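Visitor: Sharing a structure, written as structure tokens. Questions coming.
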Amino acid sequence: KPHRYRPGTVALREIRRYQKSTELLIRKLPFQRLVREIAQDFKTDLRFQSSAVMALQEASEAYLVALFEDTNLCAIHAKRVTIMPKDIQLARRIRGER
Amino acid sequence: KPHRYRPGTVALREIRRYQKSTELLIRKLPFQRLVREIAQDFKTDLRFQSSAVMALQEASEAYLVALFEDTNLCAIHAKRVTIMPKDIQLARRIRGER
Amino acid sequence: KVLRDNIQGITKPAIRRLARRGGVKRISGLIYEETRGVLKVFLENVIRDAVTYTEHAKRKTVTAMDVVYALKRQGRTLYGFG
Amino acid sequence: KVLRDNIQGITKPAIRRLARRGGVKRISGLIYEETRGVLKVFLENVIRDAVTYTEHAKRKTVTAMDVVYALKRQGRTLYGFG
Amino acid sequence: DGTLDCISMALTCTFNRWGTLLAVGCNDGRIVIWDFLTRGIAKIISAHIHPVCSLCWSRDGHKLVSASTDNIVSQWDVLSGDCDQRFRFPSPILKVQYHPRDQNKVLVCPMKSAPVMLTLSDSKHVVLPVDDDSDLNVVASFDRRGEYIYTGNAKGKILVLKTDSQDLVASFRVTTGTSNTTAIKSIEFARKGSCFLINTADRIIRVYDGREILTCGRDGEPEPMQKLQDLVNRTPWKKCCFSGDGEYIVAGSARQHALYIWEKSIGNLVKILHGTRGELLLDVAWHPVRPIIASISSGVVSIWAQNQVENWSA
Amino acid sequence: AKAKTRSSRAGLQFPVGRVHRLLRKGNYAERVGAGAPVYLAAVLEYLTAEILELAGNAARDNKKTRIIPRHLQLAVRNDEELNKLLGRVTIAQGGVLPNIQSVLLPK
Amino acid sequence: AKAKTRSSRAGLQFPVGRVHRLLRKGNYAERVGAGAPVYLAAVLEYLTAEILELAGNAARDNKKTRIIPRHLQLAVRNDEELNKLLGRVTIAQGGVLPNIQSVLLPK
Amino acid sequence: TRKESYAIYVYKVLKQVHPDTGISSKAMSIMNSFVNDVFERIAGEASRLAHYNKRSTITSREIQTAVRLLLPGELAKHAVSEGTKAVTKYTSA
Amino acid sequence: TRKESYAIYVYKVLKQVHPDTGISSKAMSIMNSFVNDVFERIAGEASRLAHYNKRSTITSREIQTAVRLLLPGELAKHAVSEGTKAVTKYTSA
DNA sequence: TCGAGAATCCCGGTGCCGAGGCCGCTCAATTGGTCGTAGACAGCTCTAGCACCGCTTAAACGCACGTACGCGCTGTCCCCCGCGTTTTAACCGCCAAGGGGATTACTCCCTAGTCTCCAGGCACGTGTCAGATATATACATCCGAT
DNA sequence: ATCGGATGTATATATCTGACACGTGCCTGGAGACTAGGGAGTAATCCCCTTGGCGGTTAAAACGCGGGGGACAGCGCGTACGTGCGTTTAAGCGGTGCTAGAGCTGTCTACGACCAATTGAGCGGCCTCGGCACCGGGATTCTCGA
């Protein structure tokens with residue numbers, strides 16, 4: 001008889017754990033390659049200080065945390081518990097990102 | 001047989017008219033007395049340049065227009081057409097006013 | 001010559017016309033006075049900074065430039081007056 | 001040694017862990033790649049300004065100070081690096 | 001749009017010069033040469049008892065080559081059904097391929113060894129070289145003109161050698177978007193010109209033109225004429241090849257049992273023939289002169305008829 | 001001793017001498033370059049031309065000769081890049097451009 | 001004649017002379033007042049004292065001595081005035097204060 | 001007291017863009033305030049950049065970087081083209 | 001290269017308020033950058049205010065007004081208190 | 001609704017590298033003077049703000065009332081959570097080359113600073129016409145009877 | 001879906017102005033000319049940090065696999081809110097009136113600028129040790145079918 005938690009319970013536990021934790025939730029090398037690929041739009045052979053790259057990545061990560069925060073807020077305001085792309089677009093619209 | 005428009009139609013017409021118009025939608029002297037009464041919190045016998053007072057009033061009016069804008073946005077997102085105080089509080093929360 | 005309790009200087013039809021400008025169709029009553037608070041709150045920021053500038057200017061009245069600077073330092077800069 | 005098409009460097013479980021940090025319980029699939037765009041969009045601002053600073057510095061790489069200044073001029077200042 | 005229930009235990013499928021005969025290397029080690037026109041058996045040759053991992057038709061549509069899991073490579077004829085040749089070598093073979101312009105040289109790709117071109121006339125064979133020296137999983141294929149051999153290693157490095165001298169006429173390590181390396185799944189060609197394709201393990205079919213490949217030579221930076229993949233499901237394709245006319249290209253999604261046909265010039269997806277979800281797709285090929293697609297799923301052959309607008313409106 | 005204003009030397013309509021004096025006495029740097037005020041007056045002139053073009057366009061559209069603040073608001077809101085420049089700026093007598101949301105329409 | 005730093009005379013720990021040099025080289029005025037750097041060092045010392053006191057309290061609550069960025073972020077978010085001062089600021093390794101909405105709780 | 005402004009220059013550029021049209025006093029004040037605001041933005045960005053490069057001489061390159069930072073996209077492109085043209089015309093005196 | 005910072009002073013203040021409490025170099029750098037940012041903001045506001053009054057000498061009054069502007073409420077109150085106390089202590093000698 | 005079971009708290013032990021105390025070694029802070037000037041202060045002006053009157057009237061308060069939209073409940077159903085397996089490529093540790101970053105030493109071309117001169121800009125009048133206001137009209141639009 | 005009707009809105013014309021275009025005299029800030037100095041540009045070198053690559057591990061991403069539960073649509077309802085009609089209120093104009101305080105000018109002084117002479121606070125660099133990261137395990141605590 002295999003045991004399975006009800007949906008959301010594991011999600012809530014992971015939420016608590018990650019709110020308690022502090023490390024980066026994005027893999028280093030993929031994000032670094034992404035930053036290089038995007039910077040290719042402005043000049044080639046552009047190097048980066050590693051610390052600068054993780055600083056950028058963590059600032060953008062915190063911005064993503066904040067964005068998910070207000071999307072969650074508008075979602076719980078809409079009497080829903082599942083975020084939807086319209087909610088993200090609404091959050092970015094209220095923040096003045098479009 | 002008296003005639004009466006359906007609800008909202010007169011509201012939509014007034015919306016169009018006011019979006020077309022430009023004058024201040026707040027009476028001058030009440031707002032001026034309100035500004036004096038509120039400034040009483042910092043120093044008495046404080047005078048004000050009339051132009052400065054209407055500048056403040058119109059800036060705050062435009063801020064109110066903007067606020068009603070995002071409250072309308074969150075309302076139409078909530079599948080509703082009537083703004084509610086929770087929606088204003090949500091808008092001010094997303095804007096970072098609390 | 002002392003003023004007080006004129007927060008009702010803003011009226012329900014005034015707020016309603018303002019919301020109409022904001023494109024609002026239907027409004028609940030509990031909004032109106034609520035909005036008032038918000039408005040008042042807003043002033044308690046800029047108004048304060050306003051007099052503060054005059055406080056540094058050693059003057060006794062407020063100029064347009066004062067409220068412009070107050071709105072500017074609050075990320076809500078305004079044009080038309082300097 | 002040329003990079004391209006690595007926008008999928010951000011993965012669905014990574015975005016999901018990030019949302020969990022943001023306290024999100026349930027997420028729709030149409031969010032994930034959507035979020036990607038947003039993220040990319042964000043970079044196209046700061047990244048740009050970043051190189052611009054280096055562009056003025058007549059250098060060829062990016063320093064931490066550069067991205068700090070870029071985030072600062074965008075109202076998203078960051079501490080820990082100067 | 002069809003199937004072949006008379007054919008069972010199927011493992012591979014190949015088309016002759018006219019594509020009218022489908023060779024099916026069965027699970028019990030037999031080769032069913034099934035005729036397309038009569039929709040029936042043209043020949044059955046009980047080759048061995050080991051499942052045939054790959055077959056390959058002759059240029060004149062007369063000879064055939066079987067590669068059983070007994071480490072046995074053999075050559076047979078369509079009419080006599082006699083074992084013209086049989087040999088055993090370790091490192092079981094994944095791909096055998098006749099010389100498109102010669103009836104003596106045949107490419108054979110072993111698991112733990114570099115590809116070897118064996119002569120059908122005598123006991124002579126040429127072992128193809130290796131760049132990274134540690135492939136241990138290498139593919140290779142003759143060019144359409146029968147003048148070159150493309151060899152793909154397990155790290156994206158490709159060596160184009162001459163089919164006779166095996167000298168380095170071109171070389172290039174392809175990127176993977178993320179600038180990493182990827183084991184080459186297959187290197188296949190078309191019947192027209194020199195436009196060919198490489199299916200990789202990082203789910204990107206690269207439609208290249210061998211003219212620029214031969215032009216770049218050493219340390220070239222060749223970019224494909226087209227890029228093909230499934231952006232929405234990210235399916236690693238078990239086998240990919242051109243259509244009958246070559247303007248279109250079919251890929252066999254084995255994980256979800258489907259076929260995906262794109263174009264070549266613009267490369268836009270022509271359509272998707274998604275078979276029955278139950279079975280597991282293994283092989284795929286296109287009739288070289290007919291709009292027919294012969295697939296093989298879980299060991300049974302399925303047919304796909306891209307019938308034109310007639311036969312119901314005329 | 002041939003008199004000639006620097007604005008004419010740059011062929012512009014903005015006072016290069018005035019902006020140079022302002023950059024000097026505005027405490028932005030210990031020293032100010034020679035061509036920096038020219039360049040700054042040039043970019044200011046370009047921005048003013050860009051905004052006034054749409055301003056006069058809206059004014060003529062409304063059959064008004066003298067441009068009014070409402071026309072300035074319409075100009076800065078209709079443009080994308082200009083609105084992005086003034087994203088957090090309000091205008092005296094500006095108002096808001098005519099904008100009615102989709103669902104708000106009657107049905 | 002011996003020399004004592006102004007911070008010693010002002011009874012302060014932050015370098016008054018360094019703040020004076022920064023103000024001079026910062027192009028904020030033609031000449032900085034005498035007591036202005038003293039006042040600035042004082043207010044900076046007070047702010048640092050407040051934030052470090054809150055951070056150390058959080059660290060002692062977490063049964064640790066070394067103040068890590070998590071403690072700093074938690075202390076910043078655990079004060080209304082400090083938050084409003086740094087609401088537009090992102091702290092390294094900060095994360096978010098443990099917070100879960102109401103409806104997200106099961107029943 | 002001669003409280004200066006930019007009114008005459010805005011009037012001139014308006015006449016050179018649209019001679020028939022005019023402008024009210026309030027709109028002229030809005031234009032003056034906007035000019036002052038954008039110019040102060042550019043000056044602040046130039047000062048910050050000069051401090052970041054530890055240079056005490058704000059030159060044309062600093063203004064180029066500042067305008068490329070502030071104005072978005074095509075506005076920045078046209079602005080830097082106009083500025084380069086103007087500075088080249090001036091230096092060629 | 002001698003890189004000026006505030007690490008020793010943050011350490012002293014920490015030891016004052018918290019004797020037996022440690023601090024990480026990362027958190028120390030965050031605190032240093034925070035001091036730098038607060039100082040930049042205060043100096044900028046004071047300079048703008050002084051320029052708005054057509055003055056040219058940033059003095060204690062300017063810094064006090066700038067602190068009253070930037071910090072909200074009781075933070076600004078205790079800040080102006082501490083600043084006035086330090087000014088008194090320094091001017092007494 | 002009480003155990004079963006899985007995830008967390010905590011206790012103790014191991015080992016490490018960052019935090020911290022300490023050391024020469026600057027150079028930036030301090031101290032003492034001299035100079036030129038920023039503004040504190042006094043004093044005079046006028047004007048713009050403040051305050052009351054009265055007058056007309058558009059606008060606000062309140063009511064009645066239909067009515068339609070928020071809200072609450074049902075039911076379905078997709079779809080995303082949950083957890084197993086299977087893949088991979090992130091990571092980490094290490095080694096390599098060099099390439100731009102950073103510094104230092106010259107060198108001067110550029111700019112601050114000063115005095116001279118006049119000329120564009122600005123305060124201030126002065127006609128004057130673009131637009132703000134009223135009126136009658138003509139048309140576009142919502143809405144109920146059919 | 002349609003037509004008659006009421007209502008509201010766009011238009012032309014009158015016409016009336018007051019803000020606006022501009023013409024003027026005068027001021028002073030900007031252009032000319034010249035001199036000093038030294039921030040910035042150039043070059044040459046040293047080197048740290050970057051990019052690059054390879055191999056082993058596995059934590060993690062990918063895929064799939066049930067299944068329960070929130071999203072959503074529909075339905076009913078009733079309460080709150082638009083809407084029109086009144087009655088009532090201060091809002092707005094403008095008008096005069098007083099003068100408190102902006103706002104300007106003129107000092108004259110105390111206050112940094114600045115330069116030079118002096119040197120310990122502070123900082124790169126160096127050991128060094130223990131708080132903390134990691135871990136093994138065992139108790140502890142939340143959850144899910146009875």
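Chain labels run A, B, ... following the order of the structure tokens; each chain numbers its residues from 1, and ligands are numbered from 1 in the order shown.
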Show me, as a ChimeraX atom specification, the residues that have an atom within 12 Å of residue 16 (chain K) when counting only C-alpha atoms (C1' of nucleotides), minus same-chain residues fewer than 6 positions from it.
Guide: /J:129-134
Visitor: Save out the residues we just selected, N, CA, C and O atoms (P, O5', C5', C4', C3', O3' and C1' of nucleotides), as an mmCIF file, in the first residue's frame.
Guide:
```cif
data_model
loop_
_atom_site.group_PDB
_atom_site.id
_atom_site.type_symbol
_atom_site.label_atom_id
_atom_site.label_comp_id
_atom_site.auth_asym_id
_atom_site.auth_seq_id
_atom_site.Cartn_x
_atom_site.Cartn_y
_atom_site.Cartn_z
ATOM 1 P P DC J 129 -5.461 90.511 -36.329
ATOM 2 O "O5'" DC J 129 -5.701 88.928 -36.324
ATOM 3 C "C5'" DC J 129 -4.762 88.067 -35.686
ATOM 4 C "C4'" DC J 129 -5.460 86.971 -34.890
ATOM 5 C "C3'" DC J 129 -6.717 86.388 -35.526
ATOM 6 O "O3'" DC J 129 -6.878 85.043 -35.097
ATOM 7 C "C1'" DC J 129 -7.292 87.382 -33.492
ATOM 8 P P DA J 130 -6.180 83.822 -35.876
ATOM 9 O "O5'" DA J 130 -6.061 82.684 -34.755
ATOM 10 C "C5'" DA J 130 -5.418 82.979 -33.516
ATOM 11 C "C4'" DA J 130 -5.682 81.903 -32.469
ATOM 12 C "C3'" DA J 130 -6.372 80.644 -32.958
ATOM 13 O "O3'" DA J 130 -6.012 79.551 -32.104
ATOM 14 C "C1'" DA J 130 -7.895 82.078 -31.751
ATOM 15 P P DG J 131 -6.935 78.239 -31.979
ATOM 16 O "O5'" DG J 131 -7.973 78.609 -30.821
ATOM 17 C "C5'" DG J 131 -7.501 78.804 -29.492
ATOM 18 C "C4'" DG J 131 -8.606 79.293 -28.572
ATOM 19 C "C3'" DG J 131 -9.795 78.345 -28.407
ATOM 20 O "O3'" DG J 131 -10.321 78.495 -27.098
ATOM 21 C "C1'" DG J 131 -10.570 80.373 -29.176
ATOM 22 P P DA J 132 -10.490 77.232 -26.123
ATOM 23 O "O5'" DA J 132 -11.468 77.774 -24.978
ATOM 24 C "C5'" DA J 132 -11.116 78.939 -24.235
ATOM 25 C "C4'" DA J 132 -12.351 79.730 -23.831
ATOM 26 C "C3'" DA J 132 -13.588 78.896 -23.516
ATOM 27 O "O3'" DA J 132 -14.294 79.471 -22.429
ATOM 28 C "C1'" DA J 132 -14.067 80.376 -25.300
ATOM 29 P P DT J 133 -15.512 78.676 -21.747
ATOM 30 O "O5'" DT J 133 -16.816 79.402 -22.324
ATOM 31 C "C5'" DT J 133 -17.095 80.745 -21.958
ATOM 32 C "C4'" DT J 133 -18.331 81.261 -22.672
ATOM 33 C "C3'" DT J 133 -19.572 80.363 -22.572
ATOM 34 O "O3'" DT J 133 -20.720 81.164 -22.313
ATOM 35 C "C1'" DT J 133 -19.142 80.873 -24.808
ATOM 36 P P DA J 134 -22.120 80.481 -21.914
ATOM 37 O "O5'" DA J 134 -23.074 80.795 -23.160
ATOM 38 C "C5'" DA J 134 -23.678 82.078 -23.288
ATOM 39 C "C4'" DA J 134 -24.585 82.145 -24.508
ATOM 40 C "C3'" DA J 134 -25.699 81.099 -24.560
ATOM 41 O "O3'" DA J 134 -26.844 81.667 -25.184
ATOM 42 C "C1'" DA J 134 -24.345 80.863 -26.449
#
```
Visitor: Please list as a list in words every residue within 7 Å of region 75-85 of chain H, counting only C-alpha atoms (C1' of nucleotides) and excluding residues in the same chain fewer than 3 positions away.
Guide: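 The neighbour list is residues 39, 42, 43, 46 and 81 of chain F; 64, 67, 68, 71, 72, 88 and 89 of chain H.
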Visitor: Can you spit out the residues from that selection as a PDB file, in the first residue's frame, using N, CA, C and O atoms?
Guide:
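What landed in result.pdb:
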```pdb
ATOM      1  N   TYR F  39      26.672  69.053 -27.484  1.00  0.00           N
ATOM      2  CA  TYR F  39      25.972  67.782 -27.637  1.00  0.00           C
ATOM      3  C   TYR F  39      24.685  67.760 -26.821  1.00  0.00           C
ATOM      4  O   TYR F  39      23.650  67.250 -27.273  1.00  0.00           O
ATOM      5  N   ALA F  42      22.110  69.818 -28.387  1.00  0.00           N
ATOM      6  CA  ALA F  42      21.630  69.133 -29.581  1.00  0.00           C
ATOM      7  C   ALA F  42      20.582  68.085 -29.231  1.00  0.00           C
ATOM      8  O   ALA F  42      19.523  68.010 -29.867  1.00  0.00           O
ATOM      9  N   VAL F  43      20.860  67.259 -28.221  1.00  0.00           N
ATOM     10  CA  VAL F  43      19.906  66.211 -27.867  1.00  0.00           C
ATOM     11  C   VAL F  43      18.641  66.822 -27.273  1.00  0.00           C
ATOM     12  O   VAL F  43      17.527  66.335 -27.514  1.00  0.00           O
ATOM     13  N   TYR F  46      16.624  68.008 -30.204  1.00  0.00           N
ATOM     14  CA  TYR F  46      15.987  66.883 -30.879  1.00  0.00           C
ATOM     15  C   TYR F  46      14.768  66.397 -30.108  1.00  0.00           C
ATOM     16  O   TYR F  46      13.722  66.112 -30.703  1.00  0.00           O
ATOM     17  N   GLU F  81       8.016  55.240 -27.097  1.00  0.00           N
ATOM     18  CA  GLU F  81       9.298  55.563 -26.478  1.00  0.00           C
ATOM     19  C   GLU F  81       9.200  56.824 -25.627  1.00  0.00           C
ATOM     20  O   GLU F  81       9.807  56.906 -24.552  1.00  0.00           O
TER      21      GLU F  81
ATOM     22  N   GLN H  64      26.993  61.132 -24.482  1.00  0.00           N
ATOM     23  CA  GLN H  64      26.555  60.050 -25.359  1.00  0.00           C
ATOM     24  C   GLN H  64      26.104  58.848 -24.545  1.00  0.00           C
ATOM     25  O   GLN H  64      25.020  58.298 -24.773  1.00  0.00           O
ATOM     26  N   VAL H  67      22.763  59.646 -22.657  1.00  0.00           N
ATOM     27  CA  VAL H  67      21.565  59.645 -23.491  1.00  0.00           C
ATOM     28  C   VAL H  67      21.250  58.241 -23.988  1.00  0.00           C
ATOM     29  O   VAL H  67      20.080  57.866 -24.113  1.00  0.00           O
ATOM     30  N   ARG H  68      22.277  57.435 -24.270  1.00  0.00           N
ATOM     31  CA  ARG H  68      22.023  56.043 -24.619  1.00  0.00           C
ATOM     32  C   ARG H  68      21.430  55.271 -23.451  1.00  0.00           C
ATOM     33  O   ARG H  68      20.692  54.305 -23.667  1.00  0.00           O
ATOM     34  N   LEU H  71      17.309  57.640 -22.901  1.00  0.00           N
ATOM     35  CA  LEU H  71      16.281  57.560 -23.930  1.00  0.00           C
ATOM     36  C   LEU H  71      16.172  56.135 -24.469  1.00  0.00           C
ATOM     37  O   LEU H  71      17.190  55.469 -24.677  1.00  0.00           O
ATOM     38  N   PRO H  72      14.954  55.645 -24.697  1.00  0.00           N
ATOM     39  CA  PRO H  72      14.782  54.260 -25.153  1.00  0.00           C
ATOM     40  C   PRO H  72      14.931  54.145 -26.665  1.00  0.00           C
ATOM     41  O   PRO H  72      14.348  54.925 -27.422  1.00  0.00           O
ATOM     42  N   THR H  88      30.188  67.631 -34.608  1.00  0.00           N
ATOM     43  CA  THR H  88      31.118  67.639 -35.730  1.00  0.00           C
ATOM     44  C   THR H  88      31.045  68.958 -36.485  1.00  0.00           C
ATOM     45  O   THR H  88      32.070  69.494 -36.922  1.00  0.00           O
ATOM     46  N   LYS H  89      29.836  69.499 -36.651  1.00  0.00           N
ATOM     47  CA  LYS H  89      29.696  70.800 -37.294  1.00  0.00           C
ATOM     48  C   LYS H  89      30.368  71.890 -36.469  1.00  0.00           C
ATOM     49  O   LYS H  89      31.009  72.796 -37.015  1.00  0.00           O
TER      50      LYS H  89
END
```
Visitor: Under the rule that only C-alpha atoms are counted, which of H:70, H:38, H:10, H:17 is the nearest residue to chain C?
Guide: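 Among H:70, H:38, H:10, H:17, it is H:38 that comes nearest to chain C.
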Visitor: Would you list the contacts of residue 35 (chain H) as a PDB file with C-alpha atoms, in the first residue's frame, taking every protein, DNA or RNA residue within 9 Å and counting only C-alpha atoms (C1' of nucleotides), but skipping same-chain residues closer than 4 positions in sequence?
Guide:
```
ATOM      1  CA  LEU F  44      17.602  68.606 -26.009  1.00  0.00           C
ATOM      2  CA  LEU F  47      13.757  65.820 -27.982  1.00  0.00           C
ATOM      3  CA  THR F  48      11.842  69.103 -28.075  1.00  0.00           C
TER       4      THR F  48
ATOM      5  CA  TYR H   6      13.778  78.315 -22.439  1.00  0.00           C
ATOM      6  CA  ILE H  30       5.142  72.586 -19.335  1.00  0.00           C
ATOM      7  CA  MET H  31       7.738  72.448 -22.109  1.00  0.00           C
ATOM      8  CA  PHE H  39      18.390  68.001 -18.818  1.00  0.00           C
ATOM      9  CA  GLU H  40      18.820  67.456 -15.078  1.00  0.00           C
TER      10      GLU H  40
END
```
Visitor: Please check the contacts: residues of chain A at most 12 Å away from chain J, using only C-alpha atoms (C1' of nucleotides), listed as a compact mmCIF listing (two decimals) with C-alpha atoms, in the first residue's frame.
Guide:
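Output saved as iface_31.txt:
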```txt
# COMPACT_ATOMS: atom_id res chain seq x y z
CA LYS A 1 0.00 0.00 0.00
CA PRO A 2 2.00 2.98 -1.28
CA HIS A 3 1.44 6.24 0.58
CA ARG A 4 0.85 9.57 -1.17
CA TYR A 5 0.30 12.97 0.42
CA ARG A 6 -2.63 15.09 -0.68
CA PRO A 7 -1.75 17.71 -3.32
CA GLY A 8 -0.32 20.95 -2.00
CA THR A 9 0.97 19.51 1.27
CA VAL A 10 4.36 18.65 -0.23
CA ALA A 11 4.17 22.01 -2.01
CA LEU A 12 3.56 23.82 1.29
CA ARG A 13 6.41 21.94 2.95
CA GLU A 14 8.76 22.89 0.12
CA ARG A 16 8.44 26.54 4.09
CA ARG A 17 11.82 24.94 3.39
CA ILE A 26 18.81 28.56 -10.37
CA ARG A 27 21.69 26.47 -11.68
CA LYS A 28 24.85 28.57 -12.08
CA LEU A 29 26.26 27.53 -15.45
CA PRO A 30 22.95 27.59 -17.40
CA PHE A 31 22.20 31.10 -16.17
CA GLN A 32 25.76 32.20 -16.98
CA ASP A 45 33.83 38.54 -26.83
CA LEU A 46 32.42 40.24 -23.72
CA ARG A 47 33.83 38.67 -20.57
CA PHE A 48 32.25 38.79 -17.13
CA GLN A 49 33.50 38.71 -13.57
CA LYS A 79 -10.51 33.73 -5.33
CA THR A 82 -3.37 28.71 -9.17
CA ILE A 83 -1.40 31.50 -10.82
```
Visitor: Write out as a PyMOL selection string all residues of chain C that backbone DSSP assigns to strand (DSSP E).
Guide: chain C and resi 26-27+61-62
Visitor: Write a file of the just-selected residues containing C-alpha atoms, as a CSV table (one decimal), in the first residue's frame.
Guide:
```
chain,number,residue,atom,x,y,z
C,26,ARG,CA,-19.9,50.7,-10.9
C,27,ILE,CA,-18.7,51.7,-7.5
C,61,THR,CA,4.4,80.0,2.8
C,62,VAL,CA,4.7,77.2,0.1
```
Visitor: Could you please tell me, as a PDB file with N, CA and C atoms, in the first residue's frame, which residues of chain G have an atom within 8 Å of chain F when using only C-alpha atoms?
Guide:
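The result, stored in part.pdb:
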```
ATOM      1  N   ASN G  27      31.318  66.665  -5.249  1.00  0.00           N
ATOM      2  CA  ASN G  27      30.740  67.737  -6.061  1.00  0.00           C
ATOM      3  C   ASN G  27      29.302  68.039  -5.648  1.00  0.00           C
ATOM      4  N   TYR G  28      29.036  67.985  -4.344  1.00  0.00           N
ATOM      5  CA  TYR G  28      27.719  68.308  -3.817  1.00  0.00           C
ATOM      6  C   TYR G  28      27.558  69.782  -3.479  1.00  0.00           C
ATOM      7  N   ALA G  29      28.655  70.518  -3.334  1.00  0.00           N
ATOM      8  CA  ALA G  29      28.605  71.943  -3.037  1.00  0.00           C
ATOM      9  C   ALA G  29      29.983  72.528  -3.306  1.00  0.00           C
ATOM     10  N   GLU G  30      30.034  73.858  -3.394  1.00  0.00           N
ATOM     11  CA  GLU G  30      31.317  74.529  -3.560  1.00  0.00           C
ATOM     12  C   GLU G  30      32.173  74.406  -2.307  1.00  0.00           C
TER      13      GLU G  30
END
```
Visitor: Which one of F:82, F:49, F:74, F:92 sits closest to residue 11 (chain H) if you count only C-alpha atoms?
Guide: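 Of all the options, F:49 lies closest to residue 11 (chain H).
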Visitor: At a cut-off of 7 Å, can you tabulate as a Markdown table every residue of chain D near chain E together with its closest atom pair and the distance in Å to one decimal, using only C-alpha atoms and ordering rows by chain then number?
Guide:
```
| residue | atom | partner | partner_atom | distance |
| --- | --- | --- | --- | --- |
| D:1 | CA | E:179 | CA | 6.8 |
| D:2 | CA | E:179 | CA | 6.8 |
| D:3 | CA | E:179 | CA | 5.8 |
| D:4 | CA | E:177 | CA | 5.0 |
| D:5 | CA | E:177 | CA | 5.3 |
| D:6 | CA | E:178 | CA | 5.6 |
```
Visitor: Export C-alpha atoms of the chosen residues as a compact mmCIF listing (two decimals), in the first residue's frame?
Guide:
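To be explicit, this is the file written out as part13.txt:
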```txt
# COMPACT_ATOMS: atom_id res chain seq x y z
CA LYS D 1 33.05 29.41 -29.10
CA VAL D 2 29.72 31.14 -29.82
CA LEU D 3 26.58 30.72 -27.71
CA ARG D 4 22.96 30.72 -28.84
CA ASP D 5 19.48 29.37 -28.07
CA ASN D 6 20.32 28.79 -24.38
```
Visitor: Write down, as a count of residues only, each residue of chain K that has any atom within 10 Å of an atom of chain B, counting only C-alpha atoms (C1' of nucleotides).
Guide: 12
Visitor: How close does each residue of chain H get to chain F, giving the shortest atom pair and distance in Å to one decimal for every residue with an atom at most 6 Å away, counting only C-alpha atoms, sorted by chain and residue number, as a Markdown table?
Guide:
```
| residue | atom | partner | partner_atom | distance |
| --- | --- | --- | --- | --- |
| H:9 | CA | F:14 | CA | 5.7 |
| H:21 | CA | F:65 | CA | 4.6 |
| H:22 | CA | F:66 | CA | 4.0 |
| H:23 | CA | F:66 | CA | 4.2 |
| H:24 | CA | F:66 | CA | 5.9 |
| H:27 | CA | F:69 | CA | 5.2 |
| H:47 | CA | F:28 | CA | 5.2 |
| H:56 | CA | F:30 | CA | 5.1 |
| H:57 | CA | F:31 | CA | 4.5 |
| H:58 | CA | F:32 | CA | 4.9 |
| H:59 | CA | F:33 | CA | 4.4 |
| H:60 | CA | F:36 | CA | 4.2 |
| H:72 | CA | F:81 | CA | 5.8 |
| H:79 | CA | F:43 | CA | 5.2 |
| H:83 | CA | F:39 | CA | 4.8 |
| H:86 | CA | F:10 | CA | 5.3 |
| H:87 | CA | F:39 | CA | 5.9 |
| H:89 | CA | F:10 | CA | 5.7 |
| H:90 | CA | F:10 | CA | 4.6 |
```
Visitor: Distance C1' of residue 14 (chain J)-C1' of residue 126 (chain K), one decimal place?
Guide: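 Separating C1' of residue 14 (chain J) from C1' of residue 126 (chain K) is a distance of 26.2 Å.
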Visitor: Which chain K residues are at most 10 Å from chain D (counting only C-alpha atoms (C1' of nucleotides)), as JSON, numbers by chain?
Guide: {"K": [50, 51, 52, 60, 61, 62, 70]}
